[PDB]
Every structure is written in C-alpha cells, then in structure tokens.
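Here is the structure we will look at.
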Amino acid sequence: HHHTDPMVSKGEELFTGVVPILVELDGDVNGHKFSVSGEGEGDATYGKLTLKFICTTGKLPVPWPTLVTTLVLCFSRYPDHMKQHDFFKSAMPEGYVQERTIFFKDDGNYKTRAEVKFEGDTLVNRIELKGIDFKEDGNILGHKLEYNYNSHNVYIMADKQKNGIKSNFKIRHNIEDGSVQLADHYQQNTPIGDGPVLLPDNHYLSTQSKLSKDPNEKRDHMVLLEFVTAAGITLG
C-alpha cells in the first residue's frame, strides 16, 4: 500500500489481496517420468499459502515431502521495516528463475529449474525436475519417509554478481523407523527481467509447513499449508 519507496510500492501492489497460484512440475527420477499440477492461493499479507497438488501421471514415484521445497517465496510476509529486502516481489511481474540442486545424503540428487511469474492475474510456478543416482532400496524410492514436515529457517544472501540471491539450507525428513534423511539444498534465484530488483541484506525466512490429505480425493495428492515470514533484521 503506502510505502515511501515507489519501488517497494510496485511490488506490494501486486500482492495485496489473495493471489491465485498455478504450479506445474514435470519430473524424471531414475527413469520414472511424472507430472504434478497444483492450484491454490497465496496471501502475502499473512505469508500464507494454501495449495493442493495432484500427481497427474498416477502414483508419485517419490515421497511427497521430498517435493515441498520445489513445489513460491514471493508470498513471504516481509515486515514493514524489511520490505526493501524483498527480492521475490521486486522481480514481479516479469518473474524470477529459481534453480536448486538437492542432495539426499547417501542417496541421489534432484536438479530443479523453475520460472515464477504472473500470467495475467495468476502466479505461475513452472518447474522441471531431474533426479539421478537414487538407490532403489533407499529411503526415497523405497517410500520410507513419514508424511509430515519440520519447521525451519532459511538464510538468504544477495548475489550482487547475478542481481539475485542464493541460499543453502538443510531439510531433515523423518524416516518411518525414527531416523532422518538429510536433504542439502543449494539455491540461486535470478530475475527474468532486465530492470532493477531489490537486493537484500542477509536475512532469514522462517517456514512452517503442514501436509494433509483431502478425504474425497482418490488421485495421489498433497495438501500444503505453508507460512513464510521474513526475519533477522531488527527494527532498532
């Protein structure tokens, strides 16, 4: 709304109100081709996302929780005193590319590339995923992950070399037996547009995710409620 920085204004004006979201993923893990479609809504005011995802090719070949991070950080709530650090909104509506390599300890990797942009009044997340070197008897392809997710903090750093950001963070996936599977994430984001973006000072995003199921849905699916809040810069 009312921010003294016109560049902040431009970003926030796009994300006042509830914004419909479409997610498309095409994936290939160890010779298993699959497609995920998701729909829902984001509200950056509260840093809230509600998404339903379906596997449109049948049974998802990997555990759903392994895809949470891959399946829109522009819906993060940035407090008022941190809005000048919100790279994700500044890049809109033209969008940004989000690339990751995800290493599952003692197992294979995912390589993802995503474009996040507005198509009309809809925020679209278009993802390609390639997973290689997974063990058939491992926790991933053997479906030994629990269906739940753990809160955590992701550190965001500017990359002034590429007018973007980078992040490296670990996800810990609970395994059936009470162990954990670590998933080491490396991420970089770069704008699609040539125009200026807001390059953040170092800060973190605090993420909460709750996974559930739609009792009426017979297709392989995941319902995701996610809260993301920016923090780590104090109103001094």
Side-chain angles (χ1 to χ4, degrees), residues 20-42 49-75 95-117 119 122-150 169-176 180-189 207 209-226:
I21 303 164
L22 288 184
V23 178
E24 303 189 325
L25 181 149
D26 293 311
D28 166 5
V29 177
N30 262 45
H32 291 102
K33 290 293 237 169
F34 65 93
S35 277
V36 171
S37 184
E39 280 169 37
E41 292 183 320
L49 303 174
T50 68
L51 287 165
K52 185 164 167 212
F53 299 99
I54 303 140
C55 182
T56 61
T57 44
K59 283 58 66 217
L60 189 71
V62 296
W64 279 108
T66 72
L67 293 180
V68 168
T69 49
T70 302
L71 293 178
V72 279
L73 289 169
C74 48
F75 289 103
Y96 56 77
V97 171
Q98 183 167 295
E99 298 165 310
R100 296 217 180 88
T101 307
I102 306 171
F103 301 86
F104 296 87
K105 186 145 151 50
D106 303 324
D107 208 335
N109 354 78
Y110 291 165
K111 296 164 81 176
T112 73
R113 172 168 214 277
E115 315 201 327
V116 183
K117 60 183 294 312
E119 278 283 1
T122 299
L123 194 290
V124 183
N125 181 18
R126 318 189 190 155
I127 313 151
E128 37 182 81
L129 179 149
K130 181 72 140 192
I132 61 159
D133 288 345
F134 282 93
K135 308 204 292 211
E136 312 266 297
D137 47 333
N139 294 318
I140 312 312
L141 287 177
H143 291 278
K144 309 213 182 81
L145 273 62
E146 295 187 352
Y147 189 73
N148 55 27
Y149 217 75
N150 302 325
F169 61 94
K170 301 157 148 302
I171 294 301
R172 300 138 210 150
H173 292 296
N174 295 14
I175 308 172
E176 277 195 307
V180 294
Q181 171 73 63
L182 308 174
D184 264 301
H185 285 61
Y186 295 77
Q187 169 180 338
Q188 69 195 4
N189 300 66
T207 73
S209 322
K210 299 222 184 30
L211 310 198
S212 55
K213 292 297 189 170
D214 178 348
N216 297 335
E217 180 61 66
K218 297 315 276 79
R219 288 169 303 173
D220 199 6
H221 74 285
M222 163 174 82
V223 180
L224 178 62
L225 168 70
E226 212 179 60

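Below, all heavy atoms of this structure are taken into account, side chains as well, without hydrogens, waters or symmetry copies. We count residues from 1, following the sequence as given.
- When side chains are defined from C-beta on, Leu71 does not count as touching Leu224, because their heavy atoms never get closer than 4.5 Å.
- In this structure the side chain of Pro63 reaches within 4.5 angstrom of the side chain of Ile140, judged on heavy atoms.
- Remark: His221 NE2 to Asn216 CG distance equals 9.0 Å, nearest 0.5 Å.
- With rounding to the nearest 0.5 Å, the separation of CG in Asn125 from NZ in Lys117 is 11.5 Å.
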Query raised in the report: Are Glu115 and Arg113 close enough, and set up right, to give a salt bridge (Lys or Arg N to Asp or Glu O under 4.0 Å), and what steps lead you there?
Result: CA-CA 7 Å; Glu115 315 201 327; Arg113 172 168 214 277; 3.6 Å; yes
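- No donor-acceptor pair closer than 3.5 Å links the side chain of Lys33 to the backbone N or O of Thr57.
- At a threshold of 4.5 Å between non-hydrogen side-chain atoms, the residues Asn189 and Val97 do not count as touching.
- Put simply, CZ on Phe103 and CG on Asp133 are 10.5 Å apart, with the number rounded to the nearest 0.5 Å.
- Side-chain atoms of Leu211 and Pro65, non-hydrogen and from C-beta on, do get closer than 4.5 Å to each other.
- With a 4.5 Å cut-off on side-chain heavy atoms, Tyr110 and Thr66 count as touching.
- The side-chain heavy atoms of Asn139 and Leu145, taken from C-beta on, include a pair separated by under 4.5 Å.
- When atom types are taken as modelled, the side chain of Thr56 and the backbone of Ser35 share a donor-acceptor pair closer than 3.5 angstrom.
- Counting only distance, with no hydrogens or angles, the side chain of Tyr96 and the backbone of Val116 share no donor-acceptor pair below 3.5 Å.
- Ring pair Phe169/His185 is parallel by interplanar angle, where below 30° counts as parallel and above 60° as perpendicular.
- Heavy atoms only, all atoms of each residue included: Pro61 and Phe34 are closest at CG-CD2, 3.3 Å.
- Only one option out of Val68, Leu22, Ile21 pairs with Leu51 in a side chain to side chain contact (heavy atoms under 4.5 Å, CB included); it is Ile21.
- A 4.5 Å side-chain heavy-atom check between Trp64 and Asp220 finds at least one atom pair inside the cut-off.
- Distance alone, capped at 3.5 Å, places no donor-acceptor pair between the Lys105 side chain and the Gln181 backbone.
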Report task. Decide yes or no on side chain to side chain contact (heavy atoms under 4.5 Å, CB included) for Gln187 and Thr69, but give the supporting numbers first. Result -> CA-CA 11 Å; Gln187 169 180 338; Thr69 49; over 6 Å; no
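- Of the possible polar contacts, none joining the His32 side chain to the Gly27 backbone as a donor-acceptor pair under 3.5 Å is found.
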Report task. Just do the side chain to side chain contact (heavy atoms under 4.5 Å, CB included) check on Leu129 and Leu67 with the steps written out, would you? Result -> CA-CA 10 Å; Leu129 179 149; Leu67 293 180; 3.6 Å; yes
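- Among all heavy-atom pairs drawn from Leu60 and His143, the shortest one is O-CE1, 3.7 Å.
- At least one donor-acceptor pair closer than 3.5 Å links the side chain of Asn30 to the backbone N or O of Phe134.
- Side chain of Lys144 to backbone of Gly138: a donor-acceptor contact under 3.5 angstrom is found.
- Counting non-hydrogen atoms of neighbouring residues, nucleotides and ligands closer than 6.0 angstrom, the NZ atom of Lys213 exceeds 12 such neighbours.
- Considering CG of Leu49 and SG of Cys74, their distance stands at 8.0 Å, rounded to 0.5 Å.
- For the atom pair CG (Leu123) and CZ (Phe75), the distance works out to 4.0 Å, reported to the nearest 0.5 Å.
- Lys130 is not listed as a side-chain neighbour of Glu128, based on a closest heavy-atom distance of 4.5 Å or more.
- Note that CZ of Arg126 and CG of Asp26 are 12.0 Å apart. Values are rounded to the nearest 0.5 Å.
- With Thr70 as the fixed residue, the side chain to side chain contact (heavy atoms under 4.5 Å, CB included) test singles out one of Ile127, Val23, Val36: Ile127.
- Within the 3.5 Å criterion, the main-chain N or O of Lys52 finds no donor-acceptor partner in the side chain of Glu39.
- Looking at residues two or more places apart in sequence or on another chain, you find a salt bridge (charged side-chain N to carboxylate O under 4.0 Å, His left out) between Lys170 and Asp184.
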